[PDB]
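Please read the structure below before turning to the comments.
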Ligand SMILES: [Ca+2]
């Protein structure tokens, strides 16, 4: 997250860290044994880490649970990043409390102008690299489909939406991928891509979760 703020320990209870010996992506807990992330974050040997703040220090609220299976969206295109979404089932159900809790799925799509909370342990610099140990937060507005498409000609599909600013200075970044974009208490987006980080006229692009609700629910019901 570039230009964000320190969230505060466990103030984003649904935020998960995907660990394969190190943190490589974020994710969102949607129920006691399922996590939603980005398909481009796929890899084997995944351990889900819940209740995390500083990812390099055991602080007392962590729950480390290995994944039993990963399900990348049937139509995921890694070249265009269309349908950049995947589900991860936990080997054992997580213990849900106030510091570790699931986030509700949308009943309707979010609109341009709505403010959302984006979070993750990704890079905090637009130029150079600096990994935060604690969770960073960013409050940003959904941008119109028009400005999004104008910023990325021929690249934005109906399964994508931009959030942030055309001005730059504030955006999600490498390492935040797979993470949550929450608006009005609902998971509306997944950190997906963008050209660099927080650069002018290159806002963040997110997976439009509302389009996948049916698929998410159905998949869960049979797995
Ligand atoms: Ca920790």
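Quick notes on this one:
- Output for the range 110-129, where each listed residue is surrounded by fewer than 16 Cβ atoms within 10 Å (Cβ to Cβ) and either touching a residue at least 12 places away in the same chain (Cβ under 8 Å) or in contact with a strand residue (DSSP E or B) (Cβ under 7 Å, 6 or more places away or on another chain) (or both): 111, 112, 113, 114, 115, 125
- Reported count of residues in the range 45-57, each being surrounded by 20 or more Cβ atoms within 10 Å (Cβ to Cβ) and either within 16 Å of the ligand (Cβ to nearest atom) or farther than 19 Å from residue 32 by Cα (or both), is 5.
- Residue 97 within 24 Å of residue 61 (Cβ to Cβ) and assigned by CATH to the domain that holds residue 65: yes
- When residues in the range 130-145 are screened for being surrounded by fewer than 18 Cβ atoms within 10 Å (Cβ to Cβ) and over 19 Å from residue 54 (Cβ atoms), 4 of them pass.
- Matching residues, the range 58-94, being within 16 Å of the ligand (Cβ to nearest atom) and assigned to a loop (DSSP other than H, G, I, E, B): 58, 59, 60, 61, 62, 94
- Within the range 1-19, being touching a strand residue (DSSP E or B) at 6+ places or on another chain (Cβ under 7 Å) and surrounded by fewer than 19 Cβ atoms within 10 Å (Cβ to Cβ) holds for 5, 6, 19.
- Of all the numbered requirements in (1) more than 14 Å from the ligand (Cβ to nearest atom); (2) surrounded by fewer than 23 Cβ atoms within 10 Å (Cβ to Cβ); (3) in a strand (DSSP E or B), residue 35 misses one, and that requirement is (2).
All of this is worked out from the model, or read from it or from the source named; nothing here is a laboratory result. FYI the Cβ positions are ideal-geometry reconstructions off the backbone, even for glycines, and counts take in every protein chain you see.
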